Each structure stands twice: as structure tokens, then as C-alpha cells.
């Protein structure tokens, strides 16, 4: 019996300060070796009902600290049907996506929780959580 597996790997030496759009902060993976037509990944931190791939994270030390990121990857499309997250149509057992800075930002020193959930086309195997640390 095959299970859908997820992993999430975060970069490591991030400096608080000016951050450019496109800077990769984390990479995610989804795995499912059963029969499927694609993968869907979304997050509860999605910014607004009209931005399926854009997330807004709040700081642990100060919730007023925000960082805005987007889900990205070759082949991933915004899920316009559900309006939540990104969709990739593939029979491949493995898929991967990036979480990147969305818009030039002044990121303060704090820690942010990055959560995402994945579906093969949620239990404790379909979701993952990491902390993103920006230091001064």
C-alpha cells in the first residue's frame, strides 16, 4: 500500500535586510508511487482567495513581521478550479517545487513557519513544516 510522502528543505544562511524577488528560500518534494494523474500542493498561509500560489507568513517573535512567498516550479500551474495552491499534471512518481520571495522585501529578523499540504490526483504524511530563519 503506497503512501504520499512530502519533504521540505529550507536554505540556511539568510540575512535580514533587503531581499530580491525570486530568492529561493525552500524546496519541496512530493512522492507517490500509486496510479495518479498529478500532484496538488497548497498552504493554509495563502495570502488571499485570489492568489492561489502566494503565501503570507507571520513572524513567531512578532506576528506583525510578514514575509510574502510564492510556490514555483517547472510545470506547476495555479489551481484556478479550487483557487488554492498549485497543480502539476504528471504520471511521474516524484515532483518538486520551490518557495521563493514574491516581490522585493525588507525582511526583518524573525522565524517564520512554512506549511504546505500535498495531494495526489490530509493525514500527517501529506503535510510538512519547517522554520525559515532570517538573522540580523
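Numbering follows the first chain given and starts at 1.
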message = Neighbours in the displayed sequence, residue 121 and residue 122 may still hide a gap; how many deposited residues lack coordinates there, none, 1 to 3, 4 to 9, or 10 or more?
response = 10 or more
request  = Between 111-119 and 18-26, name whichever shows the higher mean Cα B factor according to the PDB entry.
outcome  = 111-119
Mean temperature factor over C-alpha atoms, higher-scoring stretch between 27-35 and 97-105 = 27-35
message = Just the C-alpha B-factor column, please: which of 51, 43, 58, 68 has the biggest number?
response = 51
inquiry  = Ranking every modelled residue in this chain by its Cα temperature factor as given in the entry, which third contains residue 72?
reply    = lowest
message = Where does the C-alpha B-factor of residue 7 rank in its chain, lowest, middle or highest third?
response = lowest
